[PDB]
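Listing of data_16.csv, CSV, C-alpha atoms and all ligand atoms
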```
chain,number,residue,atom,x,y,z
Z,1,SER,CA,102.1,106.6,95.0
Z,2,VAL,CA,103.1,105.0,91.6
Z,3,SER,CA,104.1,101.8,93.5
Z,4,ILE,CA,100.8,102.2,95.4
Z,5,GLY,CA,98.8,103.3,92.3
Z,6,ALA,CA,96.8,106.5,92.0
Z,7,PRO,CA,98.8,109.3,90.3
Z,8,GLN,CA,95.5,111.1,89.9
Z,9,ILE,CA,96.9,114.7,90.4
Z,10,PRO,CA,97.4,116.1,86.9
Z,11,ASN,CA,97.9,119.8,87.7
Z,12,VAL,CA,96.3,122.3,90.0
Z,13,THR,CA,97.0,125.1,92.5
Z,14,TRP,CA,95.3,128.0,94.3
Z,15,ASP,CA,95.9,130.3,91.3
Z,16,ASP,CA,93.9,127.8,89.1
Z,17,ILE,CA,90.5,128.4,90.8
Z,18,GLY,CA,88.7,131.4,92.4
Z,19,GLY,CA,86.0,131.8,94.9
Z,20,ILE,CA,88.1,130.1,97.6
Z,21,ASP,CA,88.3,133.2,99.8
Z,22,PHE,CA,85.9,132.2,102.5
Z,23,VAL,CA,86.5,128.4,102.4
Z,24,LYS,CA,90.3,128.8,102.5
Z,25,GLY,CA,90.4,129.3,106.2
Z,26,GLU,CA,88.2,126.3,107.1
Z,27,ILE,CA,89.8,123.8,104.7
Z,28,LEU,CA,93.3,125.0,105.7
Z,29,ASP,CA,92.5,124.6,109.4
Z,30,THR,CA,91.0,121.1,108.8
Z,31,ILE,CA,94.0,120.0,106.7
Z,32,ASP,CA,97.3,121.7,107.4
Z,33,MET,CA,96.9,123.2,110.9
Z,34,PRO,CA,97.4,119.7,112.3
Z,35,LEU,CA,100.2,119.2,109.8
Z,36,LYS,CA,102.0,122.3,110.9
Z,37,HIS,CA,101.0,121.8,114.6
Z,38,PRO,CA,100.6,118.0,115.1
Z,39,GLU,CA,102.5,117.6,118.4
Z,40,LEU,CA,100.8,120.6,120.0
Z,41,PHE,CA,97.4,119.2,118.9
Z,42,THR,CA,98.3,115.8,120.4
Z,43,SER,CA,95.7,116.0,123.1
Z,44,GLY,CA,94.0,112.7,122.4
Z,45,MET,CA,90.8,114.4,121.4
Z,46,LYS,CA,88.4,114.0,118.5
Z,47,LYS,CA,90.0,115.1,115.2
Z,48,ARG,CA,87.9,116.8,112.6
Z,49,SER,CA,86.1,113.9,110.7
Z,50,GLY,CA,86.5,115.4,107.3
Z,51,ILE,CA,84.8,117.6,104.7
Z,52,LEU,CA,81.6,117.5,102.7
Z,53,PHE,CA,80.7,119.6,99.6
Z,54,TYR,CA,77.3,120.3,98.0
Z,55,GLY,CA,75.6,122.7,95.7
Z,56,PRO,CA,74.9,123.4,92.0
Z,57,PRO,CA,76.7,121.0,89.7
Z,58,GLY,CA,79.9,122.2,88.0
Z,59,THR,CA,80.7,124.4,91.0
Z,60,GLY,CA,84.4,123.3,90.9
Z,61,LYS,CA,84.0,120.8,93.8
Z,62,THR,CA,86.1,118.1,92.1
Z,63,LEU,CA,88.6,120.7,91.0
Z,64,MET,CA,88.7,122.0,94.5
Z,65,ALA,CA,89.5,118.6,95.9
Z,66,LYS,CA,92.2,118.0,93.3
Z,67,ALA,CA,93.7,121.4,94.2
Z,68,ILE,CA,93.7,120.5,97.9
Z,69,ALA,CA,95.4,117.2,97.2
Z,70,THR,CA,98.1,118.7,94.9
Z,71,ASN,CA,98.8,121.8,97.0
Z,72,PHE,CA,99.1,119.9,100.3
Z,73,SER,CA,100.6,116.8,98.6
Z,74,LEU,CA,99.0,114.0,100.6
Z,75,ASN,CA,98.4,110.5,99.2
Z,76,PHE,CA,95.1,110.6,97.3
Z,77,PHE,CA,92.7,108.2,95.8
Z,78,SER,CA,89.5,108.9,93.8
Z,79,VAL,CA,86.6,106.5,94.4
Z,80,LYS,CA,83.9,106.7,91.7
Z,81,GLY,CA,80.8,105.5,93.5
Z,82,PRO,CA,79.3,103.2,90.8
Z,83,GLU,CA,82.7,101.5,90.1
Z,84,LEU,CA,82.5,99.9,93.5
Z,85,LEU,CA,79.1,98.1,93.0
Z,86,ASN,CA,79.6,94.5,91.9
Z,87,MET,CA,77.0,92.1,90.6
Z,88,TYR,CA,76.0,90.9,94.1
Z,89,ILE,CA,76.3,92.1,97.6
Z,90,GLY,CA,79.3,91.5,99.8
Z,91,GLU,CA,82.2,91.8,97.3
Z,92,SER,CA,81.5,95.5,97.0
Z,93,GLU,CA,81.8,95.6,100.8
Z,94,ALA,CA,85.1,93.7,100.5
Z,95,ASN,CA,86.3,96.3,97.9
Z,96,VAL,CA,85.4,99.2,100.2
Z,97,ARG,CA,87.2,97.4,103.1
Z,98,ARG,CA,90.3,96.7,101.1
Z,99,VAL,CA,90.6,100.3,99.7
Z,100,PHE,CA,90.1,101.9,103.1
Z,101,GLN,CA,92.6,99.6,104.8
Z,102,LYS,CA,95.2,100.1,102.1
Z,103,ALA,CA,94.8,103.8,102.5
Z,104,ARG,CA,95.2,103.3,106.3
Z,105,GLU,CA,98.5,101.6,105.4
Z,106,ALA,CA,99.6,104.6,103.4
Z,107,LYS,CA,99.6,107.3,106.1
Z,108,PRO,CA,99.2,110.2,106.3
Z,109,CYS,CA,96.8,110.4,103.3
Z,110,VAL,CA,93.8,112.1,101.8
Z,111,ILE,CA,90.7,110.2,100.6
Z,112,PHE,CA,87.7,111.5,98.7
Z,113,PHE,CA,84.6,109.8,97.4
Z,114,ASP,CA,83.4,111.3,94.1
Z,115,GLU,CA,79.6,111.7,94.1
Z,116,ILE,CA,79.0,110.1,97.5
Z,117,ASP,CA,75.3,110.6,96.7
Z,118,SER,CA,75.1,107.5,94.5
Z,119,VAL,CA,76.7,105.2,97.1
Z,120,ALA,CA,75.5,106.8,100.3
Z,121,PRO,CA,71.8,107.6,99.7
Z,122,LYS,CA,68.9,107.5,102.2
Z,123,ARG,CA,68.1,103.8,102.1
Z,124,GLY,CA,64.4,103.2,102.3
Z,125,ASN,CA,63.4,106.4,100.4
Z,126,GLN,CA,63.9,105.1,96.9
Z,127,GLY,CA,62.1,101.9,96.0
Z,128,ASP,CA,64.3,99.3,97.6
Z,129,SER,CA,64.9,96.9,94.7
Z,130,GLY,CA,67.2,94.3,96.2
Z,131,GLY,CA,68.4,96.3,99.1
Z,132,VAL,CA,71.9,96.1,97.8
Z,133,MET,CA,73.0,99.6,98.8
Z,134,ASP,CA,71.8,99.2,102.4
Z,135,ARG,CA,74.8,97.0,103.2
Z,136,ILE,CA,77.5,98.9,101.2
Z,137,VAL,CA,76.5,102.1,103.0
Z,138,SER,CA,76.8,100.1,106.2
Z,139,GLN,CA,80.4,99.4,105.3
Z,140,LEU,CA,81.4,103.1,105.0
Z,141,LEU,CA,79.7,104.0,108.3
Z,142,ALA,CA,81.7,101.8,110.6
Z,143,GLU,CA,85.0,102.2,108.6
Z,144,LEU,CA,84.4,105.9,108.9
Z,145,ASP,CA,83.5,105.5,112.5
Z,146,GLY,CA,86.6,103.3,113.0
Z,147,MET,CA,88.9,105.8,111.4
Z,148,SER,CA,89.4,108.1,114.4
Z,149,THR,CA,90.5,105.3,116.8
Z,150,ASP,CA,93.8,104.6,115.1
Z,151,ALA,CA,93.8,106.0,111.5
Z,152,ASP,CA,95.4,109.4,112.2
Z,153,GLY,CA,96.7,111.2,109.1
Z,154,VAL,CA,93.7,110.2,107.0
Z,155,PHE,CA,90.6,112.4,106.4
Z,156,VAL,CA,87.6,112.2,104.2
Z,157,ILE,CA,86.1,114.5,101.6
Z,158,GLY,CA,82.8,114.3,99.8
Z,159,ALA,CA,81.2,115.8,96.7
Z,160,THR,CA,77.5,116.1,96.3
Z,161,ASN,CA,74.9,117.7,94.0
Z,162,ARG,CA,71.6,116.3,95.5
Z,163,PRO,CA,72.5,116.1,99.2
Z,164,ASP,CA,68.8,115.8,100.2
Z,165,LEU,CA,69.1,112.0,99.6
Z,166,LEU,CA,72.2,111.4,101.8
Z,167,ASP,CA,71.8,108.9,104.6
Z,168,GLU,CA,71.7,110.8,107.8
Z,169,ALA,CA,74.1,108.5,109.8
Z,170,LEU,CA,76.9,110.2,107.8
Z,171,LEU,CA,76.1,113.8,108.7
Z,172,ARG,CA,77.0,113.3,112.4
Z,173,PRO,CA,80.2,115.0,113.5
Z,174,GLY,CA,82.9,112.3,113.8
Z,175,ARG,CA,81.4,110.9,110.7
Z,176,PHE,CA,81.1,114.3,109.0
Z,177,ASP,CA,81.5,117.6,110.7
Z,178,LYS,CA,82.3,120.3,108.1
Z,179,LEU,CA,79.5,120.5,105.5
Z,180,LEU,CA,81.4,122.9,103.2
Z,181,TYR,CA,79.7,124.6,100.3
Z,182,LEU,CA,80.6,125.8,96.9
Z,183,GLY,CA,77.9,127.5,94.8
Z,184,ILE,CA,77.1,130.4,92.5
Z,185,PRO,CA,79.3,133.5,93.0
Z,186,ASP,CA,77.1,136.2,94.5
Z,187,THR,CA,79.1,139.4,94.3
Z,188,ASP,CA,81.0,140.7,91.3
Z,189,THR,CA,84.2,140.3,93.2
Z,190,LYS,CA,83.8,136.5,93.3
Z,191,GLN,CA,83.4,136.3,89.6
Z,192,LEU,CA,86.2,138.8,89.1
Z,193,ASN,CA,88.7,136.6,91.0
Z,194,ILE,CA,87.4,133.5,89.4
Z,195,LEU,CA,87.9,135.1,86.0
Z,196,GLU,CA,91.4,136.5,86.5
Z,197,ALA,CA,92.2,132.9,87.6
Z,198,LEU,CA,90.3,131.7,84.6
Z,199,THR,CA,92.3,133.9,82.1
Z,200,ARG,CA,95.5,133.8,84.2
Z,201,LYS,CA,97.3,131.9,81.4
Z,202,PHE,CA,95.6,133.7,78.5
Z,203,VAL,CA,97.7,135.7,76.1
Z,204,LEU,CA,95.3,138.5,76.1
Z,205,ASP,CA,95.4,141.8,74.1
Z,206,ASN,CA,95.2,144.9,76.2
Z,207,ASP,CA,91.7,145.4,74.9
Z,208,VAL,CA,90.5,142.9,77.4
Z,209,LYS,CA,88.6,144.6,80.3
X,1,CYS,CA,73.4,78.3,140.3
X,2,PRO,CA,72.7,75.7,137.5
X,3,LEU,CA,71.2,78.5,135.4
X,4,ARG,CA,72.6,80.0,132.2
X,5,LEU,CA,73.4,83.6,133.0
X,6,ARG,CA,72.1,86.6,131.0
X,7,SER,CA,74.9,87.3,128.5
X,8,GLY,CA,73.3,88.7,125.4
X,9,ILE,CA,71.9,92.3,125.4
X,10,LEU,CA,71.1,94.6,122.5
X,11,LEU,CA,72.1,98.2,122.1
X,12,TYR,CA,69.9,100.9,120.5
X,13,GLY,CA,69.1,104.5,120.9
X,14,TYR,CA,69.5,107.9,119.3
X,15,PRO,CA,72.1,107.9,116.5
X,16,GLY,CA,75.6,108.9,117.7
X,17,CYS,CA,74.7,108.6,121.4
X,18,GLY,CA,77.9,106.8,122.3
X,19,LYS,CA,77.0,103.1,122.1
X,20,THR,CA,80.0,102.4,119.9
X,21,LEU,CA,82.4,103.7,122.5
X,22,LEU,CA,80.8,102.1,125.5
X,23,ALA,CA,80.8,98.8,123.6
X,24,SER,CA,84.5,99.1,122.8
X,25,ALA,CA,85.4,100.4,126.3
X,26,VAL,CA,83.7,97.9,128.6
X,27,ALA,CA,86.2,95.3,127.4
X,28,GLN,CA,89.1,96.9,129.3
X,29,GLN,CA,86.9,97.6,132.4
X,30,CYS,CA,85.6,94.1,132.8
X,31,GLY,CA,88.6,92.6,131.1
X,32,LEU,CA,87.9,90.0,128.4
X,33,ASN,CA,88.5,89.1,124.7
X,34,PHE,CA,86.6,91.7,122.7
X,35,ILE,CA,86.6,90.2,119.2
X,36,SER,CA,85.2,93.2,117.4
X,37,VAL,CA,83.4,92.5,114.1
X,38,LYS,CA,82.4,94.6,111.1
X,39,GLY,CA,79.0,93.9,109.8
X,40,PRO,CA,80.0,93.7,106.1
X,41,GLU,CA,83.0,91.4,107.1
X,42,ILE,CA,80.6,88.6,108.0
X,43,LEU,CA,78.4,88.7,104.9
X,44,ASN,CA,80.3,87.3,101.9
X,45,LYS,CA,79.2,87.6,98.3
X,46,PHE,CA,79.7,83.8,98.0
X,47,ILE,CA,77.6,81.2,99.7
X,48,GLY,CA,79.3,78.7,101.9
X,49,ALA,CA,81.4,81.3,103.6
X,50,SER,CA,78.9,83.6,105.4
X,51,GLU,CA,77.7,80.8,107.7
X,52,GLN,CA,81.4,79.7,107.8
X,53,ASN,CA,82.4,83.3,108.7
X,54,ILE,CA,80.0,83.4,111.7
X,55,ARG,CA,81.0,79.9,112.7
X,56,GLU,CA,84.7,80.8,112.7
X,57,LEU,CA,83.8,83.9,114.7
X,58,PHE,CA,82.1,81.7,117.3
X,59,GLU,CA,85.0,79.2,117.3
X,60,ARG,CA,87.4,82.1,118.0
X,61,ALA,CA,85.1,83.3,120.8
X,62,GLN,CA,84.9,80.0,122.6
X,63,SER,CA,88.6,79.1,121.9
X,64,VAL,CA,89.6,82.1,124.0
X,65,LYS,CA,88.7,82.7,127.6
X,66,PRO,CA,85.2,84.2,128.4
O,1,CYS,CA,96.9,126.3,74.2
O,2,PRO,CA,96.6,126.5,78.0
O,3,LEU,CA,92.9,125.4,78.3
O,4,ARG,CA,91.7,121.9,77.7
O,5,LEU,CA,89.9,121.9,74.4
O,6,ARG,CA,86.2,121.0,74.2
O,7,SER,CA,86.4,117.2,73.6
O,8,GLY,CA,82.9,115.7,73.9
O,9,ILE,CA,79.8,116.7,71.8
O,10,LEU,CA,76.3,115.1,71.8
O,11,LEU,CA,74.1,114.6,68.8
O,12,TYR,CA,70.3,114.8,68.7
O,13,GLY,CA,67.7,115.1,66.0
O,14,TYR,CA,65.0,113.5,63.9
O,15,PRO,CA,64.9,109.7,63.6
O,16,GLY,CA,66.8,108.3,60.7
O,17,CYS,CA,68.2,111.8,60.1
O,18,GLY,CA,71.6,110.3,59.2
O,19,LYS,CA,73.1,110.8,62.6
O,20,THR,CA,74.3,107.2,62.4
O,21,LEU,CA,75.7,107.8,58.9
O,22,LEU,CA,77.4,111.0,60.1
O,23,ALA,CA,79.0,109.2,63.1
O,24,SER,CA,80.1,106.4,60.7
O,25,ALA,CA,81.6,108.9,58.2
O,26,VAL,CA,83.5,111.1,60.7
O,27,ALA,CA,85.7,108.0,61.3
O,28,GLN,CA,87.2,108.4,57.8
O,29,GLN,CA,86.6,112.1,57.2
O,30,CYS,CA,89.2,113.0,59.9
O,31,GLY,CA,90.8,109.6,60.5
O,32,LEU,CA,91.2,108.3,64.1
O,33,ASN,CA,90.3,105.3,66.3
O,34,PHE,CA,86.5,105.2,66.2
O,35,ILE,CA,85.4,103.4,69.3
O,36,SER,CA,81.7,102.4,68.8
O,37,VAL,CA,79.2,101.2,71.4
O,38,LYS,CA,75.4,101.0,71.5
O,39,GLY,CA,73.0,101.9,74.2
O,40,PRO,CA,71.7,98.5,75.5
O,41,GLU,CA,75.0,96.6,74.9
O,42,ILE,CA,76.7,98.2,77.9
O,43,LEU,CA,73.7,97.4,80.2
O,44,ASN,CA,73.7,93.8,81.5
O,45,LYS,CA,71.5,92.2,84.1
O,46,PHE,CA,74.5,91.4,86.2
O,47,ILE,CA,75.0,94.5,88.5
O,48,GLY,CA,78.3,96.1,88.2
O,49,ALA,CA,78.7,94.8,84.6
O,50,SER,CA,76.9,97.8,83.1
O,51,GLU,CA,79.3,100.4,84.6
O,52,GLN,CA,82.2,97.9,84.3
O,53,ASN,CA,81.8,97.6,80.5
O,54,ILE,CA,81.8,101.4,80.0
O,55,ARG,CA,84.8,101.7,82.4
O,56,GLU,CA,86.8,99.2,80.4
O,57,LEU,CA,85.8,100.8,77.1
O,58,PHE,CA,87.3,104.0,78.5
O,59,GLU,CA,90.4,102.0,79.5
O,60,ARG,CA,90.6,100.8,75.9
O,61,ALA,CA,90.2,104.5,74.8
O,62,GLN,CA,93.1,105.5,77.0
O,63,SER,CA,95.1,102.6,75.6
O,64,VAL,CA,95.3,104.0,72.0
O,65,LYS,CA,95.9,107.2,70.1
O,66,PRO,CA,93.2,109.9,70.0
Y,301,LIG,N1,86.8,129.3,89.5
Y,301,LIG,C1,86.1,128.2,89.1
Y,301,LIG,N2,85.4,127.6,90.0
Y,301,LIG,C2,84.8,126.5,89.7
Y,301,LIG,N3,84.6,125.9,88.5
Y,301,LIG,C3,85.3,126.6,87.6
Y,301,LIG,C4,86.1,127.8,87.8
Y,301,LIG,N4,86.6,128.2,86.6
Y,301,LIG,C5,86.2,127.3,85.7
Y,301,LIG,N5,85.4,126.3,86.2
Y,301,LIG,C6,84.9,125.2,85.5
Y,301,LIG,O1,83.8,124.7,86.3
Y,301,LIG,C7,83.8,123.2,86.1
Y,301,LIG,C8,84.0,122.6,87.5
Y,301,LIG,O2,83.4,121.2,87.4
Y,301,LIG,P1,83.9,120.1,88.4
Y,301,LIG,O3,84.8,119.2,87.6
Y,301,LIG,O4,84.5,120.7,89.6
Y,301,LIG,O5,82.6,119.3,88.7
Y,301,LIG,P2,81.7,119.1,90.0
Y,301,LIG,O6,80.8,120.4,90.1
Y,301,LIG,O7,82.5,118.8,91.2
Y,301,LIG,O8,80.8,117.9,89.6
Y,301,LIG,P3,79.4,117.3,90.0
Y,301,LIG,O9,78.5,118.4,90.5
Y,301,LIG,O10,78.8,116.8,88.7
Y,301,LIG,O11,79.5,116.2,91.0
Y,301,LIG,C9,84.9,122.9,85.1
Y,301,LIG,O12,84.3,122.8,83.8
Y,301,LIG,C10,85.8,124.1,85.2
Y,301,LIG,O13,86.5,124.3,84.0
Y,302,LIG,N1,78.3,110.3,128.5
Y,302,LIG,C1,78.8,110.0,127.3
Y,302,LIG,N2,79.5,108.8,127.3
Y,302,LIG,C2,80.0,108.4,126.1
Y,302,LIG,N3,80.0,109.0,124.9
Y,302,LIG,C3,79.3,110.2,125.0
Y,302,LIG,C4,78.7,110.7,126.2
Y,302,LIG,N4,78.1,111.9,125.9
Y,302,LIG,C5,78.4,112.1,124.6
Y,302,LIG,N5,79.1,111.1,124.0
Y,302,LIG,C6,79.6,111.0,122.6
Y,302,LIG,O1,78.6,110.4,121.9
Y,302,LIG,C7,79.3,110.0,120.6
Y,302,LIG,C8,78.4,109.0,119.9
Y,302,LIG,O2,79.3,108.1,119.1
Y,302,LIG,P1,79.0,106.6,118.8
Y,302,LIG,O3,79.5,106.3,117.4
Y,302,LIG,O4,79.5,105.8,119.9
Y,302,LIG,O5,77.4,106.6,118.8
Y,302,LIG,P2,76.2,105.6,118.6
Y,302,LIG,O6,74.9,106.2,119.0
Y,302,LIG,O7,76.6,104.3,119.2
Y,302,LIG,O8,76.2,105.4,117.0
Y,302,LIG,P3,76.4,104.3,115.9
Y,302,LIG,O9,75.3,103.3,116.2
Y,302,LIG,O10,76.0,105.0,114.6
Y,302,LIG,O11,77.8,103.8,115.9
Y,302,LIG,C9,80.6,109.5,121.1
Y,302,LIG,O12,81.6,109.9,120.1
Y,302,LIG,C10,80.9,110.2,122.4
Y,302,LIG,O13,82.0,111.1,122.4
```
As structure tokens, how would this structure be written, given the file I've shared?
Amino acid sequence: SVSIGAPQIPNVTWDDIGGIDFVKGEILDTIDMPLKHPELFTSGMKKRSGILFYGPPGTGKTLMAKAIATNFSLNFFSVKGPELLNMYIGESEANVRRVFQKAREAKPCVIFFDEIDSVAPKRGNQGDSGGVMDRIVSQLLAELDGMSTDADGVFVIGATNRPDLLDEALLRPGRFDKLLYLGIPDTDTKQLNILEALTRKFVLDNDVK
Amino acid sequence: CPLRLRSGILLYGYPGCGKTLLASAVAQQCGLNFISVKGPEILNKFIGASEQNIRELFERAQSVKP
Amino acid sequence: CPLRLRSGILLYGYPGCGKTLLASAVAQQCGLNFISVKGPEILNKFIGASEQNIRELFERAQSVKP
């Protein structure tokens, strides 16, 4: 990765975050089940497009993605939506194409777009001032749609806070199939696990209950 | 027939209805040069290359068999 | 300390309430590399440039001591 770039993974693991009880099965099936069972799964059928998060902000979505990348140790790159946009159209599309193709060179790998909302909105809804995004989003679509044909070992993950503005072309399975969620913990057990993970490293006095 | 045959037809319909596949697949069935193109690949930030990009695509197309 | 320490803090109050003076003074009171930037200066009518300037300012920040 260093030769290729992104060392992003600082430090994370399952113990470092709670509330993963229900999602664990789905994410693990989407990620490692093919890894542990690739040849068996070699039936030339549609692989799971990827993952898509949403919900209240600060719900650990980005931490969750980093934990996935670290625990399963697949080549990772973080794409900050606004960093892509250039002064005029086109060169942003070139940036998207080059990043995706270099990822397709480094296989198998994991790719995640941070705050997809700001680079994959519903074009037309907001006042189209320049129509710049219309074309960038177009990029992602086909390169997402062109992933399954050959790019095996690469899967997409998305983080959102206002998913009501996402362009619908993405939501289709093949483009996006698992619309995973991470929101407020409902039952006291959720916060209990999240807290024991939160204070896992604390040097606490026994008074802590 | 001294008539130019119908060769350009547009595809549209419900999103994710399969048009992408059928487009890719028909190449092998009929058997031809399917020079696929990515929309954003043509448009170039810089003038003097977009028209050049489409022109080069067309020169590729003709320079190969039908 | 196993937890990342609260790093960023915002300021907000009455106009001309010395917020600028406090920000200027904290540079010497503690003693560090005081990276300074205004509001409009980052924004430029060239798209990309507005986010690009803040990104490279953060690159500069990562370049030096705290
Ligand atoms: N068990 C936990 N689950 C989730 N977040 C936790 C947990 N314990 C602590 N946190 C805190 O919650 C925050 C998670 O924010 P995170 O970086 O994941 O942003 P995000 O919600 O993905 O961002 P955005 O919604 O702005 O796109 C951090 O401040 C983290 O310390
Ligand atoms: N009879 C069928 N023939 C072909 N594909 C079918 C059929 N029934 C269902 N499908 C499925 O429809 C899906 C639609 O995918 P595809 O990307 O080709 O759609 P599309 O409508 O052309 O969308 P887009 O314009 O966004 O590329 C295909 O993945 C295919 O598996």
- Message: Counting all atoms listed in the file, what are the residues, protein, DNA or RNA alike, that approach ligand LIG 301 (chain Y) to within 8 Å? I want them as a count of residues only.
- Response: 26
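Using only C-alpha atoms, one finds that the residues of chain O close to chain Z, at 6 Å or less, are residues 46, 47 and 48 of chain O.
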- Message: For residue 63 (chain X), find every residue with an atom within 12 Å (counting only C-alpha atoms), except residues of its own chain fewer than 5 positions away, and show them as a PyMOL selection string.
- Response: chain X and resi 33+35+55-58
- Distance query region 6-11 of chain Z at most 9 Å, all atoms listed in the file, self and fewer than 2 positions along chain excluded, as a ChimeraX atom specification: /Z:1-4,13,66-67,69-70,75-78
If you keep C-alpha atoms, can you produce a file of those selected residues as a PDB file, in the frame of the given file?
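Result saved to part08.pdb:
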```pdb
ATOM      1  CA  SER Z   1     102.100 106.600  95.000  1.00  0.00           C
ATOM      2  CA  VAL Z   2     103.100 105.000  91.600  1.00  0.00           C
ATOM      3  CA  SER Z   3     104.100 101.800  93.500  1.00  0.00           C
ATOM      4  CA  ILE Z   4     100.800 102.200  95.400  1.00  0.00           C
ATOM      5  CA  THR Z  13      97.000 125.100  92.500  1.00  0.00           C
ATOM      6  CA  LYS Z  66      92.200 118.000  93.300  1.00  0.00           C
ATOM      7  CA  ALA Z  67      93.700 121.400  94.200  1.00  0.00           C
ATOM      8  CA  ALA Z  69      95.400 117.200  97.200  1.00  0.00           C
ATOM      9  CA  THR Z  70      98.100 118.700  94.900  1.00  0.00           C
ATOM     10  CA  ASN Z  75      98.400 110.500  99.200  1.00  0.00           C
ATOM     11  CA  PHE Z  76      95.100 110.600  97.300  1.00  0.00           C
ATOM     12  CA  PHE Z  77      92.700 108.200  95.800  1.00  0.00           C
ATOM     13  CA  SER Z  78      89.500 108.900  93.800  1.00  0.00           C
TER      14      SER Z  78
END
```
- Selection: 8 Å around region 8-18 of chain X, only C-alpha atoms, excl. self and same-chain fewer than 4 positions, as a PyMOL selection string: (chain Z and resi 169+172) or (chain X and resi 22)
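Using only C-alpha atoms and all ligand atoms, the shortest contact distance between ligand LIG 302 (chain Y) and any of Z:65, Z:137, Z:28, Z:12 is found at Z:137.
Among the candidates Z:36, Z:178, Z:48, Z:190, the residue lying nearest to ligand LIG 302 (chain Y) is Z:48 (atoms considered: only C-alpha atoms and all ligand atoms).
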- Query: How many Å separate CA of residue 133 (chain Z) from CA of residue 170 (chain Z)?
  - Reply: 14.4 Å
- Note on the structure: CA of residue 158 (chain Z) to atom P2 of ligand LIG 302 (chain Y) measures 21.7 Å
